[PDB]
């Protein structure tokens, strides 16, 4: 019963590697922000019309996401085993998980003090309204907040945070993949590491059940990924939208 096997040198290495990768791609100071198109916040205490009409926050948020995408790609390119897939299976995994990972790593800036994401600087504080001004409806934004709170109350160790993202990326069930068995093998190595860290390092532990809760989020993420895709498609229907985006955002979601 309740065996708690010690972490293997290889498993330790993997975490070290993943931890380090994340430090090199996540900026907790948010210093690069002034290099994005400026936030514009029109008063819209509504309007789906004002919103689409203006799209005042889109250029800034499209810039952030785009920037983050780049940081997510850099992270993927440091997952052990990720180099060993055909670059074709790499892009497929990347594109189809890019938004899921962003929602995970944004939790580092999400604050349960006012249910927002703070990257600033009141300028770089993002509340529900700030995402509607970017042309989004409550069907995605409201479930997203709950996801972040559900995620916060897991009280994840940074070690578990980086592994969750690593697993999210290297999923063998994504549409378009060629070598599902190889991708599957890497995920098991990553998932096994997670279950083992939980057993060894997490207090009490009377609840290694934490693992079941973490896999559940990855399923929330699929819903959100699909919902986002719906809403993106509406934005692209809006004329002049393309310039408010970036060629990366356009490629990934189009």
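Rigid core here is just the name for the largest C-alpha set that superposes within 1.5 Å across the two forms. Positions refer to the first chain, counted from 1.
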{"property": "In 8 other deposited structures of this protein, rigid core aligned: more displaced of 197-205 and 34-42 by C-alpha RMS", "result": "197-205"}
{"property": "Residues with no coordinates between residue 46 and residue 47, taken from the deposited sequence as a class", "result": "1 to 3"}
{"property": "Mean C-alpha B-factor comparison - 48-56 and 24-32, higher one", "result": "48-56"}
{"property": "Entry-level comparison of average CA B-factors, 202-210 and 219-227, reporting the higher stretch", "result": "202-210"}
{"property": "Residue 185 by Cα B-factor - lowest, middle or highest third of the modelled chain", "result": "middle"}
{"property": "Third of chain Cα B-factors occupied by residue 148", "result": "lowest"}
{"property": "Chain third (lowest, middle, highest) by recorded CA B-factor, residue given as residue 74", "result": "lowest"}
{"property": "Chain-relative CA temperature factor third for residue 161", "result": "lowest"}
{"property": "Ranked against its chain, the third holding the CA B-factor of residue 94", "result": "lowest"}
